[PDB]
Ligand SMILES: [Ca+2]
Ligand SMILES: [Ca+2]
Ligand SMILES: [Ca+2]
Ligand SMILES: [Ca+2]
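Residue numbers (full-length UniProt numbering): 26 to 477.
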């Protein structure tokens, strides 16, 4: 039976994904990178089969709550109880969950507790002036109390210390769960809100749906700092240490994959739940991974194949940003948030589809241990075992044909059947001679010998 370790997440910025209703396009302007561009909830419903067909088992939507002007991303909330008018109606959103659930797919909403939009009405309500912390910037980022109390980017910082604010937040969190049947929240700006609040928050949402899933965003590349949050009722965290390594390493050839395995060992070290760490190559707050490839003047398609191979075969919960499967280019926000294009070449859509199939099929990729057998200068071999399954992930991130002989690391007299590109490596005298041509990848299941 299904666990969050088994999940593959397709991540969507609602506005930037699929304009499925042309009639809710209010002052949409696709030529202003800070306006609404037209994507909506109808948009997403129409693309459920496309998403599911790729092997994705869950969708994370950027926030859907009514936002003030310029809130095309959803993070400057104006009304916690209202669906953003450009996206749809509440009904449209209930139908979306229904449509995902029909497809066996889970729905995660982005959910914000830290702050309101800049022009939220409460800012004017005299009864609510103690709803907000004193307006101050964050200066010492090493002062965690300052980080929790400051107004990030000048965003009205909610005061969770006030029981009225806390209650309001729990009541909205519980409400969307009881009203729409979502499966989880991706928690924005986790690090700007105090830990004691997450414990209570955690208690409050799971009191309403027992398996309610929480994926927290703690923006930091120190797993020691990120891992603490996991101790406060948050089931999974976004793995920025993974991202920082994966992004850099897979965007150019002849770079060692070894740092990624140390991110693993450190995840085992520091987190209670090392498999429930959301892994990615990019997201809506980062430069597009394709732009890192373009910067290094190297073909982004071949970069993406290697990266996504590792993403889909390593521990954690893969989170592919909409667009990755078309080599969508994009610099810094907002330029990383381009309209999805559905009429491009399908090479990476089919490659991703194979990957998600293999991660579905091969419970060693969702649940197995994770061993580094070999790493030189980008040529890497990993091994993963689960019950009677043993899998071997080979990624040649080097500019040369590589041959690596395994000799005791696998049980002798079998063969490795390459399930990603059709390779075959037969034990010959205990040894497996793994040969990969430059910048290719393979995923092998270890299996009984065959022949003519
Ligand atoms: Ca629309
Ligand atoms: Ca609005
Ligand atoms: Ca705060
Ligand atoms: Ca080495």
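Here a beta-carbon is modelled for each residue, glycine too, at the ideal position from N, C-alpha and C.
Contact annotation, residue 184 with residue 157: C-beta distance approximately 6 Å; criterion of less than 8 Å satisfied. Taking a cut-off of 5 Å from the heavy atoms of ligand 1, the residues with a C-beta inside it are 44, 46, 49, 50, 63, 65. The beta carbon of residue 125 is closer than 8 Å to those of 73, 84, 131, 132 in its chain, skipping five residues each way along the sequence. Residue 56 sits exposed, since fewer than 16 C-beta atoms from the chains shown fall within 10 Å of its C-beta.
Placement of the Cβ of residue 182 at a distance of less than 6 Å from at least one heavy atom of ligand 3 is found. Assigned with DSSP and collapsed to three states, residue 27 falls in coil, not helix or strand. Boundaries of the beta strand (DSSP E) around residue 419: 414 to 421. Inter-segment contact for the segment 316 to 331 and the segment 358 to 373 is present: three or more beta-carbon pairs are separated by less than 8 Å.
Annotated three-state conformation of residue 342 is strand, per DSSP. For the pair residue 282 and residue 438, the Cα-to-Cα distance works out to about 29 Å. Secondary-structure assignment with DSSP links residue 85 through a beta bridge to 36, 133. In the structure shown, residue 446 falls within a coil segment according to DSSP collapsed to helix, strand and coil. Sequence-distant partners of residue 90 (beyond 5 residues in either direction) whose C-beta falls short of 6 Å from its own C-beta, in its chain, are 102, 105. Around residue 251, the same chain offers 243, 245, 262 as residues with beta carbons nearer than 6 Å, after the five sequence neighbours per side are excluded. Residue 179 and residue 352 have their C-alpha atoms spaced approximately 34 Å apart. The C-alpha of residue 166 is placed about 17 Å away from the C-alpha of residue 254. Residue side-chain check: residue 218 places its Cβ nearer than 6 Å to a non-hydrogen atom of ligand 3. Distances taken from the Cβ of residue 425 to the heavy atoms of ligand 4 include none shorter than 6 Å. Unbroken alpha helix (DSSP H) runs of no fewer than 4 residues, entirely contained in the segment 195 to 234, are found at 220 to 233, following chain order. Fully enclosed alpha helix (DSSP H) runs of no fewer than 4 residues occupy 372 to 386, 389 to 392 of the segment 362 to 408, in order along the chain. Taking C-beta atoms under 8 Å as the contact rule, residue 34 and residue 344 qualify, at a distance of about 5 Å. Here the alpha carbons of residue 429 and residue 460 stand approximately 7 Å from one another. Between the segment 432 to 451 and the segment 401 to 419 there are three or more C-beta pairs closer than 8 Å, enough to call the two in contact. Put simply, of 407, 308, 311, 468 the residue whose alpha carbon is nearest the alpha carbon of residue 384 is 468. Secondary structure of residue 465 (DSSP, three-state): coil. Here residue 305 is near residue 268, since their CB atoms are less than 7 Å apart.
The C-alpha of residue 295 lies about 32 Å from the C-alpha of residue 190.
In the structure shown, residue 427 adopts extended strand secondary structure according to DSSP, grouped into three states.
Excluding the 5 residues flanking it on each side, residue 118 has same chain C-beta neighbours closer than 7 Å at 66, 89, 108, 205, in chain order. With the rule of 3 Cβ pairs closer than 8 Å, the segment 192 to 200 counts as touching the segment 217 to 237.
The Cβ atoms of residue 194 and residue 29 do not sit closer than 7 Å to each other. If you draw a straight line from the Cα of residue 123 to the Cα of residue 325, it comes to about 36 Å. In the structure shown, residue 126 falls within a helical segment according to DSSP collapsed to helix, strand and coil.
In the DSSP assignment, residue 104 falls within the beta strand (DSSP E) that extends over 102 to 108.
Between the alpha carbons of residue 289 and residue 99 lies a distance of about 32 Å. Rounded to whole angstroms, residue 127 and residue 209 show a C-alpha spacing of 17 Å.
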